[PDB]
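Residue 55 is where the sequence shown starts when you use my numbering, and the numbers rise one by one after that.
Reviewing the structure listed below.
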Amino acid sequence: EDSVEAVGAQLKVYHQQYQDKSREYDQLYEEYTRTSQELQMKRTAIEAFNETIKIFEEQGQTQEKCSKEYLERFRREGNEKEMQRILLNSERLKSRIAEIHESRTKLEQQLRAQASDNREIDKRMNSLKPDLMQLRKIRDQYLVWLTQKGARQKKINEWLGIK
Numbered sequence: 055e056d057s058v059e060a061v062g063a064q065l066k067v068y069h070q071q072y073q074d075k076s077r078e079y080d081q082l083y084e085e086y087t088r089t090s091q092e093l094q095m096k097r098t099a100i101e102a103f104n105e106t107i108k109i110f111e112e113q114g115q116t117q118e119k120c121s122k123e124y125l126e127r128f129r130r131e132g133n134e135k136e137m138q139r140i141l142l143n144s145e146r147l148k149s150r151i152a153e154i155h156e157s158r159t160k161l162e163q164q165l166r167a168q169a170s171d172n173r174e175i176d177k178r179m180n181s182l183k184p185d186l187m188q189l190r191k192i193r194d195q196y197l198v199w200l201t202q203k204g205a206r207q208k209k210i211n212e213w214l215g216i217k
């Protein structure tokens, strides 16, 4: 009721709630920053693929340049096996590229998944900011109350779990 022990008893309850609400928030904040890091690597990895692919395409372009003379000629010569070789190269090459291009696409999809999670963890992270403010305010109020009350230090520390 109006018992100092009863008020201090209430204080302990709210302070605890507050610390717990606070700890949980901290846990989320780390998780958010951490995932934003792992999210960076993914972005970087994608650039790696983009770079890799851009490379192979340049290789393809230049080999295609030299092949063109020979190929156009072997066609009318007409050497089957020789020009066959030429097409077989460009093929496996383009099926290396076409293979990688899809390989990053799976990562991009895999990326947006994590990106959403951060959007959501950030959301939950904002749900708590209000309560934290309030609990802190509240707890501070009981402190002032008990403080102006005869109630005093040592037991206050007890109620705040201080050693």
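We treat Cβ as the ideally placed atom computed from N, Cα and C, and that holds for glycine.
Distance, residue j Cα to residue i Cα
| i | j | result |
| --- | --- | --- |
| residue 181 | residue 82 | 11 Å |
| residue 113 | residue 88 | 38 Å |
| residue 69 | residue 166 | 39 Å |
| residue 175 | residue 86 | 7 Å |
| residue 97 | residue 103 | 10 Å |
| residue 163 | residue 139 | 37 Å |
| residue 72 | residue 189 | 6 Å |
| residue 206 | residue 169 | 50 Å |
| residue 79 | residue 172 | 14 Å |
| residue 117 | residue 90 | 41 Å |
| residue 161 | residue 93 | 11 Å |
Limits of the unbroken alpha helix (DSSP H) element including residue i
| i | result |
| --- | --- |
| residue 114 | 58-131 |
| residue 141 | 134-202 |
| residue 55 | Looking at the DSSP string, residue 55 is not in any alpha helix (DSSP H), and its letter there is neither H nor E. |
| residue 209 | 207-213 |
Residue i: CB within 7 Å of a non-hydrogen atom of the ligand MN
| i | result |
| --- | --- |
| residue 85 | Among the ligands in the structure shown, none appear at all, so the ligand MN cannot be discussed. |
Residue burial classification, residue i (beta-carbon count within 10 angstroms, cutoff 16)
| i | result |
| --- | --- |
| residue 187 | exposed |
| residue 127 | exposed |
| residue 158 | buried |
| residue 132 | exposed |
| residue 129 | exposed |
| residue 215 | exposed |
| residue 204 | exposed |
| residue 137 | buried |
| residue 141 | exposed |
CB-CB length for residue i against residue j, believed under 8 Å
| i | j | result |
| --- | --- | --- |
| residue 154 | residue 100 | About 11 Å; that fails the 8 Å criterion. |
| residue 200 | residue 210 | 6 Å |
| residue 194 | residue 75 | Between residue 75 and residue 194 the Cβ distance is about 15 Å, and since that is not below 8 Å, they are no contact. |
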